[PDB]
Protein chains: 2
Amino acid sequence: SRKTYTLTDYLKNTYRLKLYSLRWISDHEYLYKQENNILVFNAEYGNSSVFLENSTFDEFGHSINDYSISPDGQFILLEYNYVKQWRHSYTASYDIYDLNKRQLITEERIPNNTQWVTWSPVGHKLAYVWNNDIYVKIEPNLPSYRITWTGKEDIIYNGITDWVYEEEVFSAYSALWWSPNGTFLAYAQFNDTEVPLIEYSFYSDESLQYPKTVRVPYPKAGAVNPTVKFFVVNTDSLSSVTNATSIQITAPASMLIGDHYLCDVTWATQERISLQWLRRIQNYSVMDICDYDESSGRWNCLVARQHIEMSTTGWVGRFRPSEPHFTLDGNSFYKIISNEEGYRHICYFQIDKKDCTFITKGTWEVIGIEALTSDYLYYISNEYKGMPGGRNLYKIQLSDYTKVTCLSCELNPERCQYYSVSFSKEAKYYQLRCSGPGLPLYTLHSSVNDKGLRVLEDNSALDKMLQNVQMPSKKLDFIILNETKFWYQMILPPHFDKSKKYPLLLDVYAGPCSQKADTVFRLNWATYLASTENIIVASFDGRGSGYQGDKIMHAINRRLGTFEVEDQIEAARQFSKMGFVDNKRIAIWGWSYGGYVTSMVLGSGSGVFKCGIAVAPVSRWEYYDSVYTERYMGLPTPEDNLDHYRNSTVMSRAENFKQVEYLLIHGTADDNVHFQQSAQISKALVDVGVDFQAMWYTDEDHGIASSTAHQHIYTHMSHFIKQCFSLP
Amino acid sequence: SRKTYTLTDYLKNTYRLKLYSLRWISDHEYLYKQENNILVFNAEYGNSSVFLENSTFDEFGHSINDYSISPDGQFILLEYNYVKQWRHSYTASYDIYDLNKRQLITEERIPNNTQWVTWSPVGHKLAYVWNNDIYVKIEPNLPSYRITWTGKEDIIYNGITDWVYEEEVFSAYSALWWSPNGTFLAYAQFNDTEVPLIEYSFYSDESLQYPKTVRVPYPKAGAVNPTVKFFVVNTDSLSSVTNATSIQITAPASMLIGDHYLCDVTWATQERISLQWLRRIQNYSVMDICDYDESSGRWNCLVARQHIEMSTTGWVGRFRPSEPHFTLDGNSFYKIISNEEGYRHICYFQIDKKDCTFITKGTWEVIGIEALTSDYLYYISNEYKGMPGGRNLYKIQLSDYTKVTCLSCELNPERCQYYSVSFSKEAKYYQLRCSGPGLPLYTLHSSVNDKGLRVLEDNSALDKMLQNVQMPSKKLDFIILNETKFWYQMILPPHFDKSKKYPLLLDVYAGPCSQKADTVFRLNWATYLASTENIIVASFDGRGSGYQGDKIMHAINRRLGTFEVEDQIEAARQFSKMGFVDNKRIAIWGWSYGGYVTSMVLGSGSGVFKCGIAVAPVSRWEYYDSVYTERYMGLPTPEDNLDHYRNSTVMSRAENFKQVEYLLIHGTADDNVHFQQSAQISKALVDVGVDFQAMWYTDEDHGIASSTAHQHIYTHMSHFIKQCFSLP
Ligand SMILES: COCCN1Cc2nc(C)c(CN)c(-c3ccc(Cl)cc3Cl)c2C1=O
Ligand SMILES: COCCN1Cc2nc(C)c(CN)c(-c3ccc(Cl)cc3Cl)c2C1=O
């Protein structure tokens with residue numbers, strides 16, 4: 001094949017993976033943008049036409065970042081002046097374009113710097129947040145109605161999340177929820193008045209004379225958390241004269257006695273809202289069912305339909321309590337619950353009755369419930385061949401739980417072992433999406449008899465280009481430590497020769513419920529390390545890893561920095577035994593939790609690792625955020641888990657770093673894992689006299705993703721790995 | 001056999017230089033602390049007594065950091081609880097100890113957190129600043145009188161300087177000047193109300209959950225400067241029931257027209273103060289003579305008495321207008337002024353006259369005026385053997401200027417060529433302190449017939465130890481650039497063989513009026529590099545350097561980062577042409593201003609340097625302080641010197657760094673050359689894809705002086721240089 005997958009190829013995207021992102025707009029049609037045209041496809045027949053021509057806005061003026069078409073296809077939202085904030089948040093400008101008239105709405109426009117915009121599920125109503133306040137427009141061209149007047153920057157958030165709720169709880173900036181009708185608008189309100197601020201310098205452009213201090217309400221472990229409230233407003237009865245009436249739904253009494261979180265909102269019907277609350281000690285959760293009382297106009301949460309979730313061995317759910325999927329009538333629902341043996345399976349709950357009925361069981365887990373029809377429930381699981389790192393679509397016959405059909409397994413067993421799915425409205429069709437081990441495959445199907453309709457993108461263009469390259473192969477297997485199987489993967493150098501000895505690089509994450517050993521196809525830094533530098537890149541899923549039951553996932557409860565660290569070390573020992581690993585050249589690196597684990601490993605004095613790299617690592621759990629840290633570590637108080645908070649830092653292992661070559665990297669504007677974390681690691685090493693290599697990235701955040709920084713850090717790390725392994 | 005001067009020897013001060021720090025207390029006795037015993041000596045005869053036994057205070061309760069004994073031996077101040085701030089300022093607690101009796105005053109104590117304390121010149125009056133306000137104690141135990149009420153943190157400073165005055169104007173925290181008598185107490189007041197704040201994070205101990213933000217009033221070049229006022233209070237008429245009355249002395253008309261600084265305060269007599277003022281454009285300065293009017297109880301400055309200093313070529317003075325030395329009756333004075341040829345010499349000024357008369361002349365410069373008597377004026381200059389890097393003590397006959405006799409030139413011509421002096425009150429005696437080229441030698445002398453009285457410290461103990469180690473030699477010579485002599489020095493390896501070829505490390509500073517080629521003895525990092533790693537460390541003083549005349553010092557005017565940069569490169573070219581240097585291994589490094597020059601040189605594309613280190617470098621003049629930066633660069637405006645501010649940044653030279661190996665180092669708590677400077681450098685390098693090495697030092701300031709930090713950075717730079725020179 002002559003050539004290899006080079007560093008430049010990775011940094012420059014020489015070999016591009018193609019995708020097929022569609023947007024379902026009904027039971028049978030989806031939108032797709034080919035070039036800069038928006039085409040509408042008919043799923044059954046496959047015909048399409050151009051919905052919006054790439055030239056419709058050539059004279060718009062600004063560069064359009066994104067668009068959003070109303071549910072009734074009458075109007076389209078135009079998103080420009082995009083300015084990113086955190087992982088999900090950002091601000092932008094919006095213009096609405098009438099599809100029937102083919103003209104831009106110019107009256108009662110949406111304000112610049114809008115924080116969030118969303119159409120109603122039906123019709124064409126809009127709800128947006130500006131200045132931390134919620135506004136509503138019944139019609140695109142009509143004046144908006146103000147819903148809240150309490151908005152205040154960095155203090156009161158109406159309709160949007162504060163920093164911690166965005167990152168750790170809702171995984172979104174949005175905090176608004178239209179009802180199926182488009183009648184009610186539910187929204188949460190966060191108050192960060194007593195939440196401490198994390199401050200750090202932002203240097204900006206060279207022209208700025210004085211560095212700017214960024215301040216963000218951020219609750220570190222054990223600090224004051226933000227408080228939350230929930231409201232519901234009737235959108236049909238809005239008046240231009242009187243102020244909107246927001247009905248508040250209060251949290252259960254079992255929640256009010258202390259700090260808690262609103263962790264899930266789900267409309268069950270036009271008049272029933274489901275709410276899940278979580279105590280600050282995340283081992284107790286409550287699901288509330290609230291019904292609208294047409295006569296009084298209020299919402300009542302009967303303590304009859306209250307469903308409780310507790311956990312003795314750990315925390316609730318994988319990262320948070322699971323989402324409930326209601327059947328049409330709203331009287332019952334399904335949700336993933338850890339079963340009697342610690343394995344997560346689908347549960348059937350009937351509103352006003354006790355317990356639930358498990359409809360799936362076994363030594364494997366359900367990853368997620370994807371669709372729910374009158375006859376079947378569709379879900380993704382890692383059941384096939386007992387490979388926790390594989391994923392397939394299955395459907396259960398609701399009138400007979402024993403009848404489970406696998407919908408993806410046999411489609412192409414050698415190329416596709418990791419699917420994800422996207423169903424149309426009412427699930428009449430579904431786009432299957434395979435991520436590996438072979439090249440990504442996108443296909444369309446009809447639900448009726450699960451007939452494959454057509455291929456959407458098979459990545460033939462990439463396949464041909466790679467045939468020209470000496471690509472590395474992937475090995476997915478397991479080792480038995482005690483009586484348990486622990487999975488691992490190895491990116492192996494082309495023309496792999498087990499008689500030879502290769503240097504090994506342990507690529508680490510290892511956080512709670514993580515999975516680094518899977519069947520996914522990836523073109524990344526490790527591909528370059530194996531293809532051009534002949535390095536073996538390995539990952540190992542030890543205790544604490546997810547999707548293999550609680551026995552494995554909860555072994556790390558209240559003890560972060562122990563078993564996951566010991567297991568990475570034991571894995572490298574194991575790999576050494578295999579005659580194809582030069583034990584004098586074993587490195588290790590990781591980003592974020594992987595950075596923390598990597599440092600913890602390097603500082604263990606195990607003698608197994610020559611060098612390692614840690615990027616933006618956590619160094620002391622009291623520095624990281626409350627929702628994430630408290631979930632696994634409890635509170636940093638004497639009565640609780642303060643001792644392990646104190647015995648699990650990277651700083652106390654400083655002396656042992658004199659036995660390795662360490663490279664510590666971190667962005668100065670990191671709002672997630674504060675530069676402080678590395679500032680303290682470096683200081684501990686200086687005080688003990690250990691030499692080490694460092695690199696800061698000015699104004700880069702946790703991702704260090706800007707194109708220049710991205711290219712730079714990977715070039716820097718590559719040089720570091722080559723010199724350590726003596727690879728000119 | 002003999003060992004080499006190792007890195008560890010440097011880091012651990014294995015070979016300590018001995019000192020002899022005395023404090024003249026009268027015309028014939030001086031205090032000297034030996035083994036924590038404070039002793040009094042008689043200069044003429046050498047006999048001594050024990051003034052304070054190291055045993056006293058053995059039970060004080062706090063570790064005494066320092067002490068200060070009243071002018072008339074009646075009381076002694078105990079400084080404890082010392083906490084450092086900037087270069088000169090600090091905060092400490094104080095206790096007074098009554099010598100006559102044997103007790104500490106237990107009441108009316110100096111408050112904790114005092115910012116400054118000072119005995120009057122005679123007797124035992126005290127003036128101290130607390131919470132930015134001035135206080136006065138007539139008697140150590142009597143209650144203190146408050147002199148000001150306008151003190152406010154970071155805004156109004158009475159009695160103490162603000163950040164930029166401490167650093168760039170007075171080289172002290174104190175802004176208090178007692179009268180020779182002890183009658184008046186003059187003081188300056190600073191208002192920093194509109195001065196912008198520089199902000200940076202202080203991580204502190206590992207136990208601080210949230211990083212602290214440090215905020216300091218710091219005027220960057222062109223920003224708003226603090227304003228200043230001058231006051232004089234009669235300390236002999238303080239009332240317990242009446243707020244003291246401060247008479248203000250207004251600055252000259254020519255200063256009030258715009259921004260200006262108070263740069264010098266000097267009492268001439270019991271009733272005559274001398275104040276020097278300087279315009280923000282440091283091209284013009286005014287000296288005011290203010291006489292007290294006992295009949296009006298007010299101070300007046302006759303305009304006709306003002307003395308003006310203008311500079312056409314550069315700025316006024318070396319760093320600031322020179323200090324005036326008043327004759328006893330206060331009607332005349334001497335001061336160093338740049339002469340018509342460009343060389344600084346002594347000028348005699350009679351107060352109700354206009355110009356002045358030069359007392360010395362020649363192609364050399366007077367460094368400082370040390371003592372003045374009715375018959376003689378003693379000064380330090382670099383005239384001996386025409387070596388700008390030498391310093392000797394001379395005395396001129398006031399009744400005949402042609403009779404100038406050198407007082408140190410021949411004491412030990414082989415060992416001592418760099419002297420500094422310290423005269424007793426009335427110049428009866430003087431201690432000579434030689435700094436090199438041989439080991440430091442401390443001698444005492446009598447002024448009468450300039451007779452050497454006795455050796456005080458000759459460092460014989462240190463001489464013994466060095467006999468057992470291969471010490472490097474130092475060469476101080478010169479080269480010829482365009483018809484001019486420019487001095488340089490080389491720290492040559494032991495057993496230097498001019499036939500072999502050694503790698504050379506250029507040690508640069510090169511700031512305006514700097515001098516790196518001198519005759520002083522030093523045991524530093526360079527001693528280790530030449531002795532152990534056999535590397536020649538060279539230093540070169542080019543255009544812009546001092547003590548050689550204005551034609552050389554002012555060449556750099558309004559053009560920093562131009563000629564001084566070019567000349568470091570040219571010095572290397574020439575050195576590279578000496579048969580004893582390997583032109584493949586030429587490195588360069590510098591701290592602070594030397595960091596800026598090192599970066600500008602490494603980015604010039606000269607191809608002369610293989611690598612370089614820049615510690616806490618400035619990278620853009622608009623980022624440093626106003627007083628210092630505007631002194632050489634003018635203001636950063638379109639009408640002035642904006643273009644060259646923009647044309648002299650390290651950032652604009654990024655691309656060229658791909659030709660060399662760069663190591664950028666900076667402390668995060670640097671309040672002098674902000675981390676920002678170095679942060680903008682790295683961002684530029686990344687933005688253009690250049691690889692380099694970096695290292696930040698948590699909570700270290702400009703000196704990166706903490707024991708551990710100091711050891712770590714020199715260890716880190718030694719590895720970097722050895723690897724670059726292919727040294728084992
Ligand atoms: C495959 O590797 C995972 C990469 N990601 C994605 C992600 N998402 C979230 C919301 C979190 C929670 N802060 C983490 C996260 C988990 C732990 C720490 Cl200390 C820091 C972070 Cl940012 C990670 C993370 O790393
Ligand atoms: C042998 O080397 C000299 C070391 N020193 C001593 C010193 N003192 C002062 C008052 C200044 C002016 N801030 C500088 C100074 C001069 C220029 C810059 Cl950019 C920064 C500084 Cl702090 C230096 C300096 O470096």
Side-chain angles (χ1 to χ4, degrees), chain A residues 5 9-26 28-43 46-52 54 63-69 79 82 84 87-88 90 171-172 367-368 370-371 378 380 389-393 407-408 411-412 414-425 427 429-446 452-469 471 474 515 518-528 703 705 707 710:
Chain A
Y5 188 70
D9 293 330
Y10 172 62
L11 285 47
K12 298 297 177 176
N13 293 299
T14 295
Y15 303 109
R16 303 170 193 291
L17 273 168
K18 280 189 297 177
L19 319 175
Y20 199 92
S21 305
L22 61 289
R23 298 192 184 191
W24 288 112
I25 62 177
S26 73
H28 65 304
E29 297 187 301
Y30 68 79
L31 292 182
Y32 181 69
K33 74 186 301 284
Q34 190 168 60
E35 260 83 80
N36 280 59
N37 295 290
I38 304 182
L39 306 174
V40 55
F41 284 74
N42 175 293
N47 59 317
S48 59
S49 38
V50 47
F51 187 48
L52 241 209
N54 50 29
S63 169
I64 293 174
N65 180 284
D66 209 316
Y67 65 79
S68 183
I69 291 166
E79 181 181 289
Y82 168 105
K84 144 139 163 48
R87 183 190 306 275
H88 304 290
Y90 67 82
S171 302
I367 285 52
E370 307 300 302
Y378 302 78
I380 296 303
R391 293 185 184 177
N392 284 278
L393 211 206
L407 299 182
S408 53
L411 291 191
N412 196 324
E414 311 65 35
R415 180 183 175 173
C416 313
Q417 283 158 43
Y418 203 102
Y419 293 82
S420 63
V421 69
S422 163
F423 281 91
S424 61
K425 275 44 186 294
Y429 304 101
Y430 56 97
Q431 160 202 50
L432 266 179
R433 160 183 180 176
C434 171
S435 295
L439 294 184
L441 223 199
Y442 298 73
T443 58
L444 222 191
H445 307 65
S446 58
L453 293 169
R454 63 192 73 83
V455 171
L456 303 170
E457 177 56 60
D458 57 1
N459 271 297
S460 60
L462 214 214
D463 182 65
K464 52 165 189 52
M465 275 187 268
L466 302 182
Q467 280 173 60
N468 198 324
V469 190
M471 297 304 271
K474 182 168 175 181
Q515 186 169 73
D518 57 37
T519 57
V520 180
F521 177 76
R522 302 187 176 88
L523 290 181
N524 59 19
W525 189 47
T527 305
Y528 150 60
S707 50
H710 178 61

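By convention in this document, chain letters (A, B, ...) are assigned in the order of the sequence lines, proteins followed by strands, and residues within each chain are numbered from 1.
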Would you check, one step at a time, whether the test side chain to side chain contact (heavy atoms under 4.5 Å, CB included) holds for A:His28 with A:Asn42? CA-CA 6 Å; A:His28 65 304; A:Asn42 175 293; 4.0 Å; yes

Side chains of [X] and [Y]: closer than 4.5 Å at any heavy-atom pair?
| X | Y | value |
| --- | --- | --- |
| A:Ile38 | A:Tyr67 | yes |
| A:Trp24 | A:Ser424 | yes |
| A:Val455 | A:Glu457 | no |
| A:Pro437 | A:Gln417 | yes |
| A:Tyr442 | A:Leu432 | no |
| A:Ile69 | A:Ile25 | no |
| A:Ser49 | A:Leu39 | no |
| A:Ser422 | A:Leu22 | yes |

Pairing of A:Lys474 and A:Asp518 as salt bridge, 4.0 angstrom limit: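 So A:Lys474 pairs with A:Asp518 through a salt bridge.
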
Under 3.5 Å, is there a donor-acceptor pair between the side chain of [X] and the main chain of [Y]?
| X | Y | answer |
| --- | --- | --- |
| A:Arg87 | A:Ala172 | no |
| A:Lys18 | A:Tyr20 | no |
| A:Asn37 | A:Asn54 | yes |
| A:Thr527 | A:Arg522 | yes |
| A:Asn459 | A:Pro440 | yes |
| A:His88 | A:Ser171 | yes |
| A:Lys12 | A:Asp9 | no |
| A:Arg433 | A:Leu441 | no |

Measure the [atom1]-[atom2] distance between [X] and [Y] for me, rounded to the nearest 0.5 Å.
| X | Y | atom1 | atom2 | value |
| --- | --- | --- | --- | --- |
| A:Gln34 | A:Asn36 | CD | CG | 11.0 Å |
| A:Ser408 | A:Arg391 | OG | CZ | 12.0 Å |
| A:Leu439 | A:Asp463 | CG | CG | 5.5 Å |
| A:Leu456 | A:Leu444 | CG | CG | 5.0 Å |
| A:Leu393 | A:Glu370 | CG | CD | 7.0 Å |
| A:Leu407 | A:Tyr419 | CG | OH | 10.5 Å |

Which residues pass the ring-ring contact (aromatic ring centres under 6.0 Å, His included) test with A:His710, not counting sequence neighbours?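 Scan of A:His710 (ring-ring contact (aromatic ring centres under 6.0 Å, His included), adjacent residues dropped) gives A:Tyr10, A:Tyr714.
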
Working note: A:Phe41 + A:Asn47, criterion side chain to side chain contact (heavy atoms under 4.5 Å, CB included); need CA distance, chi angles, decisive distance, verdict. CA-CA 6 Å; A:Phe41 284 74; A:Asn47 59 317; over 6 Å; no

Candidate pair A:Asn392 and A:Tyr418, rule side chain to side chain contact (heavy atoms under 4.5 Å, CB included), full reasoning: CA-CA 6 Å; A:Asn392 284 278; A:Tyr418 203 102; over 6 Å; no

Which is it for A:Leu31 and A:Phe51 under the side chain to side chain contact (heavy atoms under 4.5 Å, CB included) test, yes or no, and what are the steps along the way? CA-CA 8 Å; A:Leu31 292 182; A:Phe51 187 48; 4.1 Å; yes

Specify the closest pair of heavy atoms between [X] and [Y], including all atoms of both residues, with the distance to one decimal.
| X | Y | value |
| --- | --- | --- |
| A:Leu453 | A:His445 | CD1-C, 3.8 Å |
| A:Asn524 | A:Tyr5 | O-CE2, 3.8 Å |
| A:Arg415 | A:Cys434 | O-SG, 3.8 Å |

Pair A:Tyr30-A:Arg23, side-chain donor/acceptor within less than 3.5 Å: no

Short side-chain donor-acceptor distance under 3.5 Å, A:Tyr429 and A:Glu29: no

